[PDB]
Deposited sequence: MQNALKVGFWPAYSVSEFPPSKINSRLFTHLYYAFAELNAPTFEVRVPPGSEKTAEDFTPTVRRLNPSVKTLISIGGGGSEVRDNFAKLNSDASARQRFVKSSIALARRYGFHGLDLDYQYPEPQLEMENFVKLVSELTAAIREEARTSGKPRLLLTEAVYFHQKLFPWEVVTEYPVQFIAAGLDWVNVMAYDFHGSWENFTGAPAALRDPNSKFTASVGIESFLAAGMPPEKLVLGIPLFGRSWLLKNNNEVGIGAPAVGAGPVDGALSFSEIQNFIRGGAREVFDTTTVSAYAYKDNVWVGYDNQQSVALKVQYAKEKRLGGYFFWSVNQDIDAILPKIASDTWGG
């Protein structure tokens, strides 16, 4: 039962690794090492070496059994462009593979993650397959030469097995992934948000839903234990067109605070300051509103329902993005209690 959380290094001054309740997790990710084009000597951002080294000993103090991975890349156009340049150059792929493995060992991580959004179109998937195949082989070779258990290898995936469901240009090769990786982190969120003119459930379990995306990976043949269901610790926000239309599907005029996203902890403050929370059974989600601000998110009820869903679907577990955004670890606690 994988209970996974991502800790973003940007948050260090407000939420250092020491604040993570690592009792509630089996695996915790450092986000992110950088690709460091053009040499592709993968590294943590210069200046953050101490933070990266101390991460694993720190989180293990509260739960020695917890393991860690370092995630390389992250969402965003610069990372995507760097992976696309990397994956087309055999020499660069070799430098990336060697340096990534060395990085994980250097800082005491138990594994590596790729976060690449996204390996599309078809050329980019084909080249990503070359990178990942080479990385899997080198991980096995390093275990052989060091005598240590092999590094874990995971990657972030889009919510759906097809890139993209409305216009398929490529798709994740599930048998390849199952053979090469320990699991994938299914990004079952950002379905709805301020790019749209109406409020919606940004991580709806059902209704662009988490269950349809999960179904697509299973139908393609992914072993269910290789899927880890993502659950956001942030909400997507809108400004309402009219303060008396406050439900799902209400008209909106742009992004709410802060640039369209609010941490769970900020949402708790929003509710304590007078916003009304509503559970939406139709989507398995929550929303809250006050005056012209509306936010959709996951709450204690929807998280328990999503985690039970993952269990019923025989998934490997769940992950949170990102742990600094529930400072009191409310949602990680209910998730852990739900699974058992």
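Novice: Walk along the deposited sequence from position 1 and note every stretch that has no C-alpha coordinates.
Specialist: Since the structure holds only modelled residues, the stretches it omits are 1-3, 211-214, 348.
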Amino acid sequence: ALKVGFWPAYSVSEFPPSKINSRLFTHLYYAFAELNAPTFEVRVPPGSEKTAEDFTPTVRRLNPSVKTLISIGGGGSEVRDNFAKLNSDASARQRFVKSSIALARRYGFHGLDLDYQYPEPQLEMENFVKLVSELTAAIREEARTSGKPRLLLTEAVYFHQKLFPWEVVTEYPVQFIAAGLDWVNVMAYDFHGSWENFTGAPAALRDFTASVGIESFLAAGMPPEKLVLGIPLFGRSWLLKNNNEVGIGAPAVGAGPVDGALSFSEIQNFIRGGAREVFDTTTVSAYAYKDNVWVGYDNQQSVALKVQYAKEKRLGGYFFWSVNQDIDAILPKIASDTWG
From here on, numbers count along this sequence of modelled residues.
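Novice: Where do the C-alpha atoms have the higher mean temperature factor in this entry, in 222-230 or in 162-170?
Specialist: Result: 162-170.
Novice: Of the two stretches 320-328 and 7-15, which shows the higher Cα B-factor on average in the entry?
Specialist: Taking the mean B-factor of the alpha carbons in each, 7-15 is higher.
Novice: According to the Cα B-factor stored in this entry, which of the following is highest: 190, 207, 113, 182?
Specialist: It is 207.
Novice: Per the entry, which of 273, 296, 64, 46 tops the list for Cα B factor?
Specialist: Each of 273, 296, 64, 46 was compared by C-alpha B-factor; the highest is 46.
Novice: Among the modelled residues of this chain, does the Cα B factor of residue 123 put it in the lowest, middle or highest third?
Specialist: It falls in the middle third of the chain.
Novice: Thinking about Cα B factors across the chain, which third does residue 311 belong to?
Specialist: According to the entry, residue 311 has a C-alpha B-factor in the chain's highest third.
Novice: Taking the entry's C-alpha B-factors for this chain, is residue 37 in the lowest, middle or highest third?
Specialist: It belongs to the highest third of the chain when residues are ordered by C-alpha B-factor.
Novice: Among the chain's modelled residues, which third holds the C-alpha B-factor of residue 155?
Specialist: Lowest third of the chain for residue 155's C-alpha B-factor.
Novice: By the recorded C-alpha temperature factor, relative to the other modelled residues in its chain, which third is residue 334 in?
Specialist: Within its chain, residue 334 is a middle-third residue by C-alpha B-factor, going by the deposited values.
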